[PDB]
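Observations on chain architecture
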Protein chains: 2
Amino acid sequence: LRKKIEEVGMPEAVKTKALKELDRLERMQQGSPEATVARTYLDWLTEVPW
Amino acid sequence: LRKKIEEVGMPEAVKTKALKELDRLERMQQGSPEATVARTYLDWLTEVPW
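Throughout what follows, the structure given in this document is the object of discussion. (Residues numbered from 1 in each chain as written, not as in the entry; some residues may be left out. Chains lettered and ligands numbered in written order. Part of a larger assembly, values for the part shown. Heavy atoms only, no water.)

1. Details of the nonpolar core
Counting residues in hydrophobic clusters, the biggest one holds 7 residues: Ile-5, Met-10, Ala-18, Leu-22, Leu-25, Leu-42 and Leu-45 of chain B. Elements with a contribution of two residues or more to this core: α2 (12–22) and α3 (35–45) of chain B. With 6 residues, the next largest nonpolar core counts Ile-5, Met-10, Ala-18 and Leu-45 of chain A among its residues. (Core = buried A, V, L, I, M, F, W, Y, C linked by side-chain atoms within 4.5 Å. Buried < 20%, exposed > 50% of the residue type's maximum accessible area, 1.4 Å probe, protein only. Helix = DSSP H or I, 4+ residues; strand = E, 2+ residues; numbered from the N terminus.)

Rendered as structure tokens:
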């Protein structure tokens, strides 16, 4: 995702929101009830057109 | 469950979705409340006709 996110487009508050999940490292390979929401969140963040 | 996921069906995104949860239930043996959720989810997912 850090390959995916530094590409063309996004503004800089988007980048400050984009550096959120570097230290959201380990809760998705085991658990958690709200772990794929951040995965999906930055998927949505890199998915919308710019 | 590995065999039955591999034979019947499935669409490929669904098969990746199922295999990324089948390895995540390494928490078994008198618990957890999270193991019995995922095991019946995989039991429902391999009995619906694809």
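From this point on, the discussion continues.
2. Notes on α3 of chain B
Residue and element names in this part refer to chain B. Considered for burial, the residues of α3 that qualify are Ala-35, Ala-38, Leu-42 and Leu-45. Take α3 and look down its axis: the buried residues cluster within an arc of 100 degrees, on one side only. Opposite the packed face of α3, turned more than 90 degrees from it, sit the exposed residues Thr-36 and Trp-44. Residues of α3 that are buried in the fold lie against α1 (2–7) and α2. (Arc of directions from axis to C-beta. Contact = heavy atoms within 4.5 Å.)

3. Overview of the layout of surface pockets
One way to see where empty space is left: roll a probe the size of a water molecule over the atoms. Space inside the largest pocket adds up to approximately 590 Å³. As for the largest pocket, its lining consists of 19 residues, of which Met-28, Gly-31 and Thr-36 of chain A together with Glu-21 and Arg-24 of chain B are closest to the centre. With 5 residues, α2 of chain B is the single largest residue contributor to the lining of the largest pocket. Among the residues making up the lining of the largest pocket, the classes are represented as 6 nonpolar, 5 polar and 8 charged. In this structure, the second largest pocket encloses a volume near 150 Å³. Lining of the second largest pocket is provided by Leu-1, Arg-2, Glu-21, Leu-22, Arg-24, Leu-25, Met-28, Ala-38 and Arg-39 of chain A. (1 Å grid on protein atoms, 1.4 Å probe; cavity = no way out; pocket = protein on both sides within 12 Å on 5 of 7 lines; lining within 4 Å. Points joined across faces, edges and corners; volume = space filled by probe spheres on them. Nonpolar A, V, L, I, M, F, W, Y, C, P; charged D, E, K, R; others polar.)

4. So, the environment of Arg-27 of chain B
Residue and element names in this part refer to chain B. Among the secondary structure elements, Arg-27 is positioned in the loop between α2 and α3. Considering only alpha carbons, one finds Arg-27 and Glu-47, 20 residues apart in sequence, at a separation of 23 Å. Each residue touching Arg-27, except ones within four places of it in the same chain, is listed here: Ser-32, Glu-34, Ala-35 and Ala-38. Engagement of the side chain of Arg-27 in a polar contact is seen with the backbone oxygen of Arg-24, the distance being 2.5 Å. Among the polar contacts made by the side chain of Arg-27, one reaches the main-chain carbonyl oxygen of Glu-34 at a distance of 3.1 Å. (Polar contact = N/O pair within 3.5 Å; in protein donor to acceptor, adjacent residues only side chain to side chain.)

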